[PDB]
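Shown below is the structure under consideration.
Chain naming follows the written order as A, B, C, D and E, and within any one chain the residues start at number 1.
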Amino acid sequence: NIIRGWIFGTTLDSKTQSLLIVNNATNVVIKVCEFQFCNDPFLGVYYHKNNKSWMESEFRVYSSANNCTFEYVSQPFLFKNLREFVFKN
Amino acid sequence: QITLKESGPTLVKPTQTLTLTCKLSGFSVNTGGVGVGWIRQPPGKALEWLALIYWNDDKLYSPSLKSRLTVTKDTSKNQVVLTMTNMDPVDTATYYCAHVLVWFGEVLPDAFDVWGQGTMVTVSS
Amino acid sequence: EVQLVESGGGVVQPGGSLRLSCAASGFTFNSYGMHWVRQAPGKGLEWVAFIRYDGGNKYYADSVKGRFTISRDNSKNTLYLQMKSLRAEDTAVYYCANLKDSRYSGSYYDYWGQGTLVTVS
Amino acid sequence: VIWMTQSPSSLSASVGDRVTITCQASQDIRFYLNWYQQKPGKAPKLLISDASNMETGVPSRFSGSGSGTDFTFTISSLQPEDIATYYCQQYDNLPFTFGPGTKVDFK
Amino acid sequence: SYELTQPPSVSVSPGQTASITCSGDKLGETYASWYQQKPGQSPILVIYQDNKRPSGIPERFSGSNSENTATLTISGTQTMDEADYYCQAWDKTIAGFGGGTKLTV
């Protein structure tokens, strides 16, 4: 469960609206804002004494999230496990 | 700021059931990552863990007392409730509530970052 | 790493025809749209045509519209330009490129080929 | 068709000098403008996209700005290696177009 | 409950560094935490995950966990630090607490 979310947009900067979809420990968050994204966006997590368990550390996807137009919250979207998605606009 | 407070009876007789209520503020009991536990401490003695409840309705109990312990929560009033049945005189102690830090990957408790004030309970005829 | 190689250039007469191609490698060619841009010696850049990643839609400059056709093959990772009814004014170095474009191409990168010289005389 | 123009047509400057190039669009293209650099015998290289977005690997002495119809390109401290012709491209609407270009020479 | 062993007390002068340790069977396999308590009051978390301070906790506090022994240290111990310190650790999600150590300053 390393892949957590996606960024969609055009310029992908603070000039225009962009769509950010991120899963966290208990929910899924969808936001649309004039985000100022990090040079290399990611989520920070740390691990327990045993490698089997982990906890939320910091959120490092963007430096700012101004002029938001949309927000939605629900439950997480997420042998080996195969997950498939289709994204349309 | 995150705060918790205990309330309930301060005196019960032997062979009676006690209910203690924890009131919380600064956070919602329905928020992910949230949990609350209960601990008791007899006069001059060390802390003894009783039980805890998580936001996902998962629960843990101390195996030495589990048979007499129940923990529930009110999702509307933001409260957590502990029940101890059939108390004996030896169960005289100060009872505490506290917030529980827990790991998300695999259910595993960590530490109590926020504690209440404690309420003294006497068991006596 | 990323390569774009134009070829098929040569010397032809007015009223004739010539077909150019551009080989692509080192990247997911079939994921990107492509542009043709030409430049005469001592002159600035002239945009020629654009084709979508799927080879669906095609766009042309008025200077070549009705005479030139843009096409592609995603199995051979090759971009093509079919030019008919050539004129002296078509003398230029023809480039294939993946132009960075936040609106149309969707590319986050910008690549240009070596260019191939076409002469009409 | 959106037409692009540039000013000056050419300029000369010494090492350490500040150099500016102005571009103008016949139509409002928002910030949808690319700045390209070209030297003789070579293909154009992109230095700036979306008006002011500096490309990775481009030296900090380069910058861009402007919006709507009026755009600018600046070199804060000209080097011997910065002698080249710069072009503006608009990509708001197809067909895309390039400007006439501005040449920077050595003083 | 998980077993934790502590000294009954430690004694230092003000301005000196105090150290309280706790031993067990599986401390090297689990994270330890420490709490400070005074009579008539609830305990406060001073150290968690072996060597981390909670916000609001004086910079004097530090700790470690090695050789199946947990440590709490107070650098430049003040008279305000004259309190009972407890060690906690978990084993298979079962809690354990030590007897507590009374620190005299």
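In this text, a contact is a pair of C-beta atoms (placed from the backbone, for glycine too) under 8 Å apart; a residue touches a chain by one contact, two chains touch by 3 or more.
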Taking the mean of all protein C-alpha atoms as the centre, the chain whose own C-alpha mean lies closest is A
Distance-maximising chain from chain E - centres being C-alpha averages: C
Per the centroid of Cα atoms for each chain, what is the distance between chain B and chain D, given in Å? 68
How many Å are there between the centre of chain D and the centre of chain E, using C-alpha atoms for each centre? 64
Distance between the CA centroids of chain B and chain C (whole Å) is 73
Take the average of all CA coordinates in chain B, do the same for chain E, and state the distance between these two points in whole angstrom. 22
Sequence positions of chain E contacting 2 or more other chains: 31
Multi-chain contacts only, two chains or more: what residues does chain A have there? 11, 48
Residues of chain D that touch two or more other chains sit at 50
Chains touch in the following pairs A-B, A-C, A-D, A-E, B-E, C-D
Interface with chain A, chain D side, in the complex: residues 31, 50, 53
Parts of chain E lying in touch with chain B, wherever the complex brings them together: 1, 31, 33, 35, 41-45, 48-49, 54, 86, 88, 90, 93-100
Contacts from chain C onto chain D in the complex sit at residues 35, 37, 44-47, 50, 59-62, 95, 97, 99-104, 110, 112-115
Once bound in the complex, which stretches of chain A touch chain E? 48-49
Sort out for me which residues of chain C touch chain A in the complex. 102-103
